[PDB]
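See structure below.
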Amino acid sequence: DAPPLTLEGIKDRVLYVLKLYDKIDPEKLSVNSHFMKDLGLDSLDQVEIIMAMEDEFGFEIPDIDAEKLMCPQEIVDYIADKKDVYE
Amino acid sequence: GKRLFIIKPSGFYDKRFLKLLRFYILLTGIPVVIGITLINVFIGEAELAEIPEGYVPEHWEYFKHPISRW
Amino acid sequence: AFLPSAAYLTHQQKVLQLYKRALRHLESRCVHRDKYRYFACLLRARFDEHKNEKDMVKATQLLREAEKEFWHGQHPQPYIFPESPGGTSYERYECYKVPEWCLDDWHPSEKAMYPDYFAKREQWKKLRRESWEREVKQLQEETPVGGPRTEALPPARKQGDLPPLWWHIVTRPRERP
Amino acid sequence: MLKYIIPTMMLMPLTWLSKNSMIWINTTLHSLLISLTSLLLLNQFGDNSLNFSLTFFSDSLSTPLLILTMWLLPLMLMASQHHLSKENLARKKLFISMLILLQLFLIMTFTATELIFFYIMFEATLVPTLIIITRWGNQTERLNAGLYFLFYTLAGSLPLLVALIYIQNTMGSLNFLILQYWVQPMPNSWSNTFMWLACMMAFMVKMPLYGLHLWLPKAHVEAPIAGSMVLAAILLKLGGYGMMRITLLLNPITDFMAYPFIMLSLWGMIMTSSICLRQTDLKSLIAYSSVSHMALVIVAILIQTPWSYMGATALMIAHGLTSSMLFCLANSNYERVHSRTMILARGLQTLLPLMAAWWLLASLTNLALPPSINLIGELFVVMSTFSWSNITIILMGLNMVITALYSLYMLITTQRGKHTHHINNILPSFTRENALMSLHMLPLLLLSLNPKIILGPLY
Amino acid sequence: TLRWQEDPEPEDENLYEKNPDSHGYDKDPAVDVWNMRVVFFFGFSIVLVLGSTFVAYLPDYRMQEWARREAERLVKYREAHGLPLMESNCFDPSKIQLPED
Amino acid sequence: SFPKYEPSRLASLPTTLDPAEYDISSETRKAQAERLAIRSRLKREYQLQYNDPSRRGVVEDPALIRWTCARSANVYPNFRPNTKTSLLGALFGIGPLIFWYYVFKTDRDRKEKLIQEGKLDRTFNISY
Ligand SMILES: CCCCCCCCCCCCCCCCCC(=O)OC[C@H](COP(=O)([O-])OCC[N+](C)(C)C)OC(=O)CCCCCCCCCCCCCCCCC
Ligand SMILES: CCCCCCCCCCCCCCCCCC(=O)OC[C@H](COP(=O)([O-])OCC[N+](C)(C)C)OC(=O)CCCCCCCCCCCCCCCCC
């Protein structure tokens, strides 16, 4: 039970989920691509993205931390901090 | 692989107290149990009998177990 | 409401929080994936219909009636994540989160079982007690007169020193001890 | 009874001639030896009491109280030696001397055949406890606690002296063996009404009765640990022993003069348990629990049936042991965190697991888990009060529910939950504290195997 | 102004600092270990164990076993002769003079 | 429309249905800024006392001492006997005592009157 996590697996899974989004062209996004500026997404798109990542990883990100998750690298770092990986 | 240190409070003193308590209880518990077994097996309990005529018993001759009589 | 770094909640924050709560409760009412997808798109269309409204009083009234609408149609018990507050496994492992200052009371007989770990602990404590005065001196000159206005802490400006007030948020126990 | 009095007064040259570092060892050792010696009082007979002399006797009621006192003294010596660590040597010897003197007065109190000698010892017990509370207590209001305690006791007890002297002049003797055979009915009049009030109010104050209990959450709180142990464990039972001895002369006027205090003590235990539900102080919570249990003993003595008397003496012994252990545990928490607030130090089971086990056992015996002698006494009193009237079962059931509620509230607040973040001086439990807890627990659990030696003189 | 001259509150002494093998009895290790030995021996090995042994073998505490034996004897004697096992009156009515009314 | 949520003592009004939440006026913003400033200053004090490496003890909370002193040692200095206090004391102090006294006295009188006529079945009652 409870297999461990790494930054490589977290980044691969978060990029998988963001790649399955129809509003993002998969050949353009990267680990540090912004949402409002570099990808042209609304705030509701950011909210739906955050909810998708919550459903993917199975734990809830609070709103006061969800408003500041703006690129995939910050999502990776937030999940890594919340789940205490690379110990 | 991937063994992590588990932070726990100092369990040395509690185990030391429990070991001391067990040792100091058993130090007289074992000889008393052995002595009670040897009293029961070899000395044995008394047998109820009617008082002989003209004979008055001592006050400790009205009890069954040897330890109670003592 | 209750925020560490801000004194209030903006209008856009209220709208986003309402959107997330409404979508979660709609997922609770609509347990199947395709049905939830359809009704989520309908809710997204409803939210996008009034997106471009510049009247502040009209947007405020729309938000108020949307909150009333959500309260009329909420689930009696929505889906809570297992570790989320109100969940089934929320604060379950708090009995195993022993703080790190209990290692200083260990007997030397059981301290000899982990020599390298306790050496690393000693050098960590040496670093903390060396950096404390520098970090409190940094914090003293950065707070404006009259006390801090928010609860945000500054980082370490120069090289060599650690951020102020770092010990109890770096050495916090793991989620699964 | 001179074979126990003389070693007790010989403890005084033992503590006044010992070294600067060997006073605790010598006093604890020799008090434990005399406590072992105290078992010779169990030569009780089914018809006659064990009458030693003209002045001293010991039946089956005073014997458990004597054994409890002589066992409790080394526990107080072990408990009180950590907070007196930095004290002057002469003051340390004076503290041990007051404990020895209190034990001497207590063992002369339970064996007094004459009633006026019982009164003299029972009010000689006031001075060492008042001195202990008002000198070695830690707070500001220890002086006010001593004033309240002293004046409640003396205002209750001066009419008792007047009434006892009247009984001596009218009947011709205050010897308890004579008064068992020379007793007369007490008719219904105003004179006999005030006789009953004068003979009863001293022990109603000392027990305490609800409404006269205002000195208890002060004297039990501002005292040191040894003072709290001897106040909860023995000193509340002087009132019970007094009502058991003095009810013989007050018949048949008790059957209607006992109604107001029965209503005060039946409703009083509900009020004190409800007070226990909303207490911010641990020591005050234990004191109010003591008030509730002594109200139970008051009702049992006042209805005067055999089952009630057996339940009363068993409940007295059991509550003495349990309250002493609870006060010791609260004192250990106080030494760790230097505050008596119940909400301050939380979640101590993750830090102090065996102490948490001791807390659980003390809480379980507090709510009368069978087959502890707590439950035996409480059950017998419940049966006798049901025989008295049937709605007493409603009152007793409500009291039991609230008692379980506040005992588990104590345990859950102090031991369970998330620990306090900013408290980092939680040292591991010493061998001394664990030994004290086990010496409180093991006799209490062992007495369930042979509960017949604590069931009073009419077992 | 400045108040009266008084020492500050002393820091609490950790007994486990200078002596990690402390039982909490005394600051000197020898006195502490001897106090532990004294309490553990004379409390548990002497008082508790031999006290329980003494209570267990009490010589017929309060005559209960004798009462049972005598009740057996009396029940057998009364059952053999057809006598009632117990009467409603503890004392003989022949030796009691009721008040005249 | 929708049924209006009526608040009760044991069911408070939600923060999303409060009309005073959506207030944007500058007085409320100033009040919220002042409250945040007080909270941040107190948190700074606590964290300064909390992260000290040379501290081994209890970070004393004056609010908790204030709460316990108010709960315990202020009630009688701030008590004035008036109509309300005396009325509540007479209702809760001597009310239940009188009620239970009359209940128990009536029950025991009925039982003792039934016993003396031999109307109460006491056939196997020899334990009391
Ligand atoms: C802790 C606070 C509460 C304390 C309560 C203490 C008890 C309350 C009642 C005490 C009454 C006084 C002692 C009575 C002793 C009676 C002995 C006796 O022989 O009685 C029969 C005797 C009868 O007289 P006699 O025996 O001489 O006559 C022979 C008998 N006849 C009458 C038939 C001819 O009673 C008395 O002499 C009077 C008794 C009543 C006294 C009333 C005055 C005192 C009122 C109560 C004061 C209570 C304390 C107040 C202060 C509290 C603190 C500030
Ligand atoms: C006494 C008044 C003062 C009170 C405070 C006293 C403080 C000082 C203390 C001094 C020493 C202690 C004195 C009291 C001693 C009481 C004990 C005692 O002596 O008992 C005598 C009793 C006497 O029993 P008895 O009376 O039936 O024996 C018959 C009598 N003889 C021996 C003569 C034939 O001892 C026992 O009952 C021992 C029985 C055997 C041992 C126990 C076997 C069962 C154990 C449990 C098994 C598992 C059950 C399931 C568990 C499930 C999980 C929980």
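Chains: A, B, ... in order of the structure tokens. Residues: from 1 per chain. Ligands: from 1, in order shown.
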message: Can you pull out every residue with an atom within 12 Å of ligand 1? Use only C-alpha atoms and all ligand atoms and format it as a PyMOL selection string.
response: chain D and resi 148-171+186-215
field: Test item: residues lying within 9 Å of ligand 2 with only C-alpha atoms and all ligand atoms, as an MDAnalysis selection string
entry: (chainID B and resid 64:65 67:68) or (chainID D and resid 35:36 38:39 42 63:72 317:318 321 439:440 442:454) or (chainID E and resid 47:60)
Expected file contents, prior selection, N, CA and C atoms, as a compact mmCIF listing (two decimals), in the first residue's frame:
# COMPACT_ATOMS: atom_id res chain seq x y z
N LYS B 64 -7.62 -24.50 60.19
CA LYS B 64 -7.26 -25.61 59.32
C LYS B 64 -5.86 -25.46 58.73
N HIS B 65 -5.58 -24.34 58.08
CA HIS B 65 -4.31 -24.17 57.39
C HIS B 65 -3.17 -23.99 58.40
N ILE B 67 -0.53 -22.09 58.12
CA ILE B 67 -0.11 -20.70 58.19
C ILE B 67 -1.08 -19.89 59.04
N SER B 68 -2.38 -20.17 58.92
CA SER B 68 -3.36 -19.49 59.76
C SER B 68 -3.19 -19.85 61.23
N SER D 35 4.07 0.56 58.82
CA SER D 35 2.90 0.25 58.00
C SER D 35 2.72 -1.25 57.82
N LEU D 36 3.83 -1.98 57.65
CA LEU D 36 3.76 -3.44 57.63
C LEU D 36 3.28 -3.98 58.97
N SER D 38 1.27 -2.61 61.01
CA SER D 38 -0.13 -2.27 61.28
C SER D 38 -1.13 -3.37 60.90
N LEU D 39 -0.70 -4.43 60.22
CA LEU D 39 -1.61 -5.50 59.84
C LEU D 39 -2.06 -6.37 61.01
N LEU D 42 -5.94 -6.86 62.38
CA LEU D 42 -6.95 -7.64 61.70
C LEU D 42 -7.43 -8.84 62.50
N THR D 63 -10.34 -0.15 61.83
CA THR D 63 -9.16 -0.85 61.33
C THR D 63 -8.79 -0.50 59.89
N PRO D 64 -9.71 -0.49 58.90
CA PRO D 64 -9.29 -0.06 57.55
C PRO D 64 -8.80 1.37 57.50
N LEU D 65 -9.40 2.27 58.29
CA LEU D 65 -8.95 3.65 58.32
C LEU D 65 -7.56 3.77 58.92
N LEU D 66 -7.27 2.98 59.96
CA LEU D 66 -5.93 2.97 60.54
C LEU D 66 -4.91 2.47 59.54
N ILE D 67 -5.20 1.35 58.87
CA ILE D 67 -4.25 0.80 57.90
C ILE D 67 -4.04 1.77 56.75
N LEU D 68 -5.10 2.47 56.34
CA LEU D 68 -4.99 3.48 55.29
C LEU D 68 -4.09 4.64 55.72
N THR D 69 -4.23 5.10 56.97
CA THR D 69 -3.40 6.20 57.45
C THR D 69 -1.93 5.81 57.50
N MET D 70 -1.65 4.65 58.10
CA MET D 70 -0.27 4.21 58.29
C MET D 70 0.38 3.82 56.97
N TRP D 71 -0.42 3.46 55.96
CA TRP D 71 0.13 3.26 54.63
C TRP D 71 0.28 4.56 53.87
N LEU D 72 -0.56 5.56 54.18
CA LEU D 72 -0.53 6.80 53.43
C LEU D 72 0.66 7.67 53.80
N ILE D 317 -12.99 4.15 52.02
CA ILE D 317 -11.62 3.67 51.78
C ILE D 317 -11.24 3.82 50.30
N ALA D 318 -12.16 3.43 49.41
CA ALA D 318 -11.89 3.48 47.98
C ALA D 318 -11.68 4.90 47.49
N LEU D 321 -8.19 6.27 48.56
CA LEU D 321 -7.11 5.83 47.68
C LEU D 321 -7.17 6.51 46.31
N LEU D 439 2.22 2.28 43.94
CA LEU D 439 1.87 2.07 45.34
C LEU D 439 0.48 2.60 45.67
N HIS D 440 -0.06 3.51 44.87
CA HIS D 440 -1.47 3.84 45.01
C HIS D 440 -2.38 2.82 44.32
N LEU D 442 -1.75 -0.65 43.18
CA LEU D 442 -1.73 -2.08 43.48
C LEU D 442 -2.53 -2.48 44.73
N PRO D 443 -2.49 -1.77 45.87
CA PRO D 443 -3.44 -2.12 46.94
C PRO D 443 -4.90 -1.97 46.55
N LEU D 444 -5.22 -0.97 45.73
CA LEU D 444 -6.60 -0.75 45.31
C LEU D 444 -7.10 -1.89 44.44
N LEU D 445 -6.25 -2.42 43.56
CA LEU D 445 -6.64 -3.55 42.74
C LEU D 445 -6.61 -4.86 43.51
N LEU D 446 -5.69 -4.99 44.47
CA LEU D 446 -5.61 -6.22 45.25
C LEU D 446 -6.79 -6.37 46.21
N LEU D 447 -7.33 -5.25 46.71
CA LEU D 447 -8.44 -5.32 47.65
C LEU D 447 -9.72 -5.85 47.02
N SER D 448 -9.80 -5.91 45.69
CA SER D 448 -10.96 -6.52 45.05
C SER D 448 -10.96 -8.04 45.19
N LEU D 449 -9.81 -8.65 45.47
CA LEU D 449 -9.76 -10.09 45.67
C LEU D 449 -10.30 -10.49 47.03
N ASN D 450 -10.04 -9.69 48.06
CA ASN D 450 -10.55 -9.94 49.41
C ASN D 450 -11.20 -8.66 49.91
N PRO D 451 -12.42 -8.35 49.46
CA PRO D 451 -13.07 -7.11 49.86
C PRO D 451 -13.76 -7.17 51.21
N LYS D 452 -13.63 -8.27 51.95
CA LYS D 452 -14.35 -8.42 53.20
C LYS D 452 -13.70 -7.69 54.36
N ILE D 453 -12.49 -7.17 54.19
CA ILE D 453 -11.77 -6.55 55.29
C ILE D 453 -11.98 -5.05 55.29
N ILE D 454 -12.85 -4.56 54.42
CA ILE D 454 -13.13 -3.12 54.34
C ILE D 454 -14.63 -2.87 54.39
N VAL E 47 6.13 -5.12 52.10
CA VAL E 47 4.80 -4.75 52.56
C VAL E 47 3.72 -5.37 51.69
N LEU E 48 3.83 -5.21 50.36
CA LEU E 48 2.76 -5.67 49.48
C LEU E 48 2.66 -7.19 49.44
N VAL E 49 3.79 -7.87 49.23
CA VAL E 49 3.75 -9.32 49.04
C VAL E 49 3.41 -10.04 50.34
N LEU E 50 4.13 -9.72 51.42
CA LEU E 50 3.85 -10.38 52.69
C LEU E 50 2.55 -9.89 53.30
N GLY E 51 2.13 -8.67 52.98
CA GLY E 51 0.82 -8.22 53.41
C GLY E 51 -0.31 -8.97 52.74
N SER E 52 -0.19 -9.21 51.43
CA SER E 52 -1.18 -10.01 50.73
C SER E 52 -1.19 -11.45 51.24
N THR E 53 -0.01 -12.00 51.53
CA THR E 53 0.06 -13.34 52.10
C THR E 53 -0.57 -13.39 53.49
N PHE E 54 -0.38 -12.34 54.29
CA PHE E 54 -0.98 -12.28 55.62
C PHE E 54 -2.50 -12.18 55.54
N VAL E 55 -3.01 -11.34 54.64
CA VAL E 55 -4.46 -11.18 54.51
C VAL E 55 -5.09 -12.45 53.96
N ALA E 56 -4.39 -13.14 53.06
CA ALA E 56 -4.93 -14.35 52.44
C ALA E 56 -5.13 -15.47 53.45
N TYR E 57 -4.29 -15.55 54.48
CA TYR E 57 -4.33 -16.63 55.45
C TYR E 57 -4.75 -16.13 56.83
N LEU E 58 -5.72 -15.23 56.87
CA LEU E 58 -6.24 -14.74 58.14
C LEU E 58 -7.03 -15.84 58.83
N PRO E 59 -6.84 -16.06 60.12
CA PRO E 59 -7.50 -17.18 60.79
C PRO E 59 -8.98 -16.96 61.02
N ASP E 60 -9.79 -17.24 60.00
CA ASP E 60 -11.26 -17.21 60.07
C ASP E 60 -11.77 -15.83 60.50
I'd like a table as a Markdown table: residues in chain B with an atom no more than 7 Å from chain E, each row giving the shortest atom pair and its distance in Å to one decimal, only C-alpha atoms counted, sorted by chain and rising residue number.
| residue | atom | partner | partner_atom | distance |
| --- | --- | --- | --- | --- |
| B:24 | CA | E:45 | CA | 5.6 |
| B:25 | CA | E:45 | CA | 5.3 |
| B:27 | CA | E:45 | CA | 6.6 |
| B:28 | CA | E:45 | CA | 5.5 |
| B:29 | CA | E:49 | CA | 6.5 |
| B:63 | CA | E:59 | CA | 6.4 |
| B:67 | CA | E:57 | CA | 6.5 |
| B:68 | CA | E:59 | CA | 4.8 |
| B:69 | CA | E:59 | CA | 6.9 |
Output of the above residues as a short mmCIF file (atom, residue, chain, number, x, y, z; two decimals), in the first residue's frame, restricted to N, CA, C and O atoms:
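Written output follows (again.cif):
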data_model
loop_
_atom_site.label_atom_id
_atom_site.label_comp_id
_atom_site.auth_asym_id
_atom_site.auth_seq_id
_atom_site.Cartn_x
_atom_site.Cartn_y
_atom_site.Cartn_z
N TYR B 24 11.50 -6.64 41.83
CA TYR B 24 11.31 -6.51 43.27
C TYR B 24 10.01 -7.15 43.75
O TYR B 24 9.93 -7.51 44.93
N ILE B 25 9.01 -7.30 42.88
CA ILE B 25 7.86 -8.12 43.26
C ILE B 25 8.24 -9.59 43.29
O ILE B 25 7.98 -10.29 44.27
N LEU B 27 11.10 -11.05 43.62
CA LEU B 27 12.16 -11.39 44.56
C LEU B 27 11.63 -12.00 45.85
O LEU B 27 12.29 -12.87 46.44
N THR B 28 10.45 -11.59 46.30
CA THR B 28 9.78 -12.29 47.38
C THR B 28 8.56 -13.06 46.93
O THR B 28 8.09 -13.92 47.68
N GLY B 29 8.04 -12.81 45.73
CA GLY B 29 6.89 -13.57 45.26
C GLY B 29 7.22 -15.02 44.98
O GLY B 29 6.45 -15.92 45.34
N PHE B 63 -8.23 -23.85 63.68
CA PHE B 63 -8.05 -23.42 62.31
C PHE B 63 -7.38 -24.53 61.50
O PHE B 63 -6.66 -25.37 62.04
N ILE B 67 -0.53 -22.09 58.12
CA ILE B 67 -0.11 -20.70 58.19
C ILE B 67 -1.08 -19.89 59.04
O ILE B 67 -0.67 -19.01 59.81
N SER B 68 -2.38 -20.17 58.92
CA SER B 68 -3.36 -19.49 59.76
C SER B 68 -3.19 -19.85 61.23
O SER B 68 -3.34 -19.00 62.11
N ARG B 69 -2.87 -21.12 61.51
CA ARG B 69 -2.59 -21.52 62.89
C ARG B 69 -1.34 -20.83 63.42
O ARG B 69 -1.30 -20.42 64.58
#
Taking only residues of chain C that have an atom at most 7 Å from an atom of chain D, what is each one's shortest atom pair and its distance in Å to one decimal, using only C-alpha atoms, in chain and number order, as CSV?
residue,atom,partner,partner_atom,distance
C:94,CA,D:418,CA,6.2
C:95,CA,D:350,CA,6.1
C:98,CA,D:350,CA,6.7
C:101,CA,D:424,CA,6.7
C:105,CA,D:427,CA,7.0
message: Residues of chain B within 9 Å of chain C, counting only C-alpha atoms, what are they? List them as a list in words.
response: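 Every residue meeting the condition is included here: residues 4, 5, 6, 7, 8, 9, 10, 11, 12 and 13 of chain B.
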query: Can you tell me, as a list in words, what residues are no more than 12 Å from residue B:2 when counting only C-alpha atoms, ignoring any on the same chain fewer than 5 positions away?
result: residues 4, 85, 86 and 87 of chain A
Counting only C-alpha atoms, what is within 12 Å of residue A:76, bar same-chain residues fewer than 4 positions away, as a PDB file with N, CA and C atoms, in the first residue's frame?
ATOM      1  N   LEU A   5       6.457   8.660  -3.881  1.00  0.00           N
ATOM      2  CA  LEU A   5       6.424   9.659  -4.936  1.00  0.00           C
ATOM      3  C   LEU A   5       7.796  10.303  -5.096  1.00  0.00           C
ATOM      4  N   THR A   6       8.058  10.805  -6.300  1.00  0.00           N
ATOM      5  CA  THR A   6       9.277  11.530  -6.624  1.00  0.00           C
ATOM      6  C   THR A   6       8.914  12.757  -7.450  1.00  0.00           C
ATOM      7  N   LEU A   7       9.872  13.679  -7.600  1.00  0.00           N
ATOM      8  CA  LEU A   7       9.623  14.864  -8.420  1.00  0.00           C
ATOM      9  C   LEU A   7       9.442  14.502  -9.884  1.00  0.00           C
ATOM     10  N   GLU A   8      10.157  13.484 -10.361  1.00  0.00           N
ATOM     11  CA  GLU A   8       9.995  13.074 -11.750  1.00  0.00           C
ATOM     12  C   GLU A   8       8.601  12.517 -12.000  1.00  0.00           C
ATOM     13  N   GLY A   9       8.118  11.650 -11.107  1.00  0.00           N
ATOM     14  CA  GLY A   9       6.778  11.110 -11.262  1.00  0.00           C
ATOM     15  C   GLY A   9       5.699  12.162 -11.095  1.00  0.00           C
ATOM     16  N   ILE A  10       5.891  13.081 -10.143  1.00  0.00           N
ATOM     17  CA  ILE A  10       4.935  14.167  -9.933  1.00  0.00           C
ATOM     18  C   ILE A  10       4.871  15.064 -11.164  1.00  0.00           C
ATOM     19  N   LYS A  11       6.034  15.427 -11.709  1.00  0.00           N
ATOM     20  CA  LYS A  11       6.071  16.284 -12.890  1.00  0.00           C
ATOM     21  C   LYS A  11       5.473  15.584 -14.102  1.00  0.00           C
ATOM     22  N   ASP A  12       5.769  14.294 -14.270  1.00  0.00           N
ATOM     23  CA  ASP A  12       5.218  13.545 -15.390  1.00  0.00           C
ATOM     24  C   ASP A  12       3.703  13.437 -15.295  1.00  0.00           C
ATOM     25  N   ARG A  13       3.178  13.186 -14.093  1.00  0.00           N
ATOM     26  CA  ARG A  13       1.733  13.058 -13.932  1.00  0.00           C
ATOM     27  C   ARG A  13       1.028  14.400 -14.097  1.00  0.00           C
ATOM     28  N   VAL A  14       1.618  15.478 -13.573  1.00  0.00           N
ATOM     29  CA  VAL A  14       0.978  16.783 -13.692  1.00  0.00           C
ATOM     30  C   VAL A  14       1.015  17.261 -15.143  1.00  0.00           C
ATOM     31  N   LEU A  15       2.088  16.944 -15.879  1.00  0.00           N
ATOM     32  CA  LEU A  15       2.144  17.294 -17.290  1.00  0.00           C
ATOM     33  C   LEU A  15       1.218  16.415 -18.116  1.00  0.00           C
ATOM     34  N   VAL A  31       7.307  23.087 -18.177  1.00  0.00           N
ATOM     35  CA  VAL A  31       7.237  23.043 -16.721  1.00  0.00           C
ATOM     36  C   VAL A  31       7.047  24.416 -16.094  1.00  0.00           C
ATOM     37  N   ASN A  32       7.428  25.492 -16.782  1.00  0.00           N
ATOM     38  CA  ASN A  32       7.340  26.834 -16.218  1.00  0.00           C
ATOM     39  C   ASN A  32       6.491  27.771 -17.071  1.00  0.00           C
ATOM     40  N   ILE A  50      -6.838  23.362 -11.171  1.00  0.00           N
ATOM     41  CA  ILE A  50      -6.497  23.002  -9.794  1.00  0.00           C
ATOM     42  C   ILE A  50      -7.390  21.872  -9.297  1.00  0.00           C
ATOM     43  N   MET A  53      -6.144  18.645 -10.782  1.00  0.00           N
ATOM     44  CA  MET A  53      -4.945  18.116 -10.132  1.00  0.00           C
ATOM     45  C   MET A  53      -5.277  17.550  -8.756  1.00  0.00           C
ATOM     46  N   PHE A  57      -4.359  13.669  -7.823  1.00  0.00           N
ATOM     47  CA  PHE A  57      -3.501  13.242  -6.726  1.00  0.00           C
ATOM     48  C   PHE A  57      -4.263  12.842  -5.471  1.00  0.00           C
ATOM     49  N   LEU A  69      -1.041  29.148  -7.443  1.00  0.00           N
ATOM     50  CA  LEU A  69      -0.433  28.075  -8.228  1.00  0.00           C
ATOM     51  C   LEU A  69      -0.660  28.400  -9.697  1.00  0.00           C
ATOM     52  N   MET A  70       0.350  28.993 -10.334  1.00  0.00           N
ATOM     53  CA  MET A  70       0.172  29.638 -11.624  1.00  0.00           C
ATOM     54  C   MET A  70       0.961  29.009 -12.759  1.00  0.00           C
ATOM     55  N   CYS A  71       1.927  28.153 -12.466  1.00  0.00           N
ATOM     56  CA  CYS A  71       2.696  27.431 -13.464  1.00  0.00           C
ATOM     57  C   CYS A  71       2.876  26.014 -12.950  1.00  0.00           C
ATOM     58  N   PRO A  72       3.140  25.045 -13.838  1.00  0.00           N
ATOM     59  CA  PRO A  72       3.274  23.651 -13.376  1.00  0.00           C
ATOM     60  C   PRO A  72       4.386  23.418 -12.364  1.00  0.00           C
ATOM     61  N   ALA A  80       5.060  18.438  -3.694  1.00  0.00           N
ATOM     62  CA  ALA A  80       6.256  17.899  -3.061  1.00  0.00           C
ATOM     63  C   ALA A  80       6.370  18.348  -1.611  1.00  0.00           C
ATOM     64  N   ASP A  81       6.018  19.602  -1.326  1.00  0.00           N
ATOM     65  CA  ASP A  81       6.064  20.079   0.051  1.00  0.00           C
ATOM     66  C   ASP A  81       4.961  19.457   0.897  1.00  0.00           C
ATOM     67  N   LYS A  82       3.753  19.328   0.346  1.00  0.00           N
ATOM     68  CA  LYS A  82       2.645  18.788   1.122  1.00  0.00           C
ATOM     69  C   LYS A  82       2.794  17.302   1.400  1.00  0.00           C
ATOM     70  N   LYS A  83       3.462  16.555   0.525  1.00  0.00           N
ATOM     71  CA  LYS A  83       3.596  15.120   0.705  1.00  0.00           C
ATOM     72  C   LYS A  83       4.979  14.694   1.178  1.00  0.00           C
ATOM     73  N   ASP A  84       5.901  15.642   1.374  1.00  0.00           N
ATOM     74  CA  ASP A  84       7.211  15.432   2.000  1.00  0.00           C
ATOM     75  C   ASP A  84       8.042  14.387   1.246  1.00  0.00           C
ATOM     76  N   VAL A  85       8.337  14.706  -0.012  1.00  0.00           N
ATOM     77  CA  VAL A  85       9.058  13.785  -0.880  1.00  0.00           C
ATOM     78  C   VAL A  85      10.533  14.173  -0.952  1.00  0.00           C
TER      79      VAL A  85
END
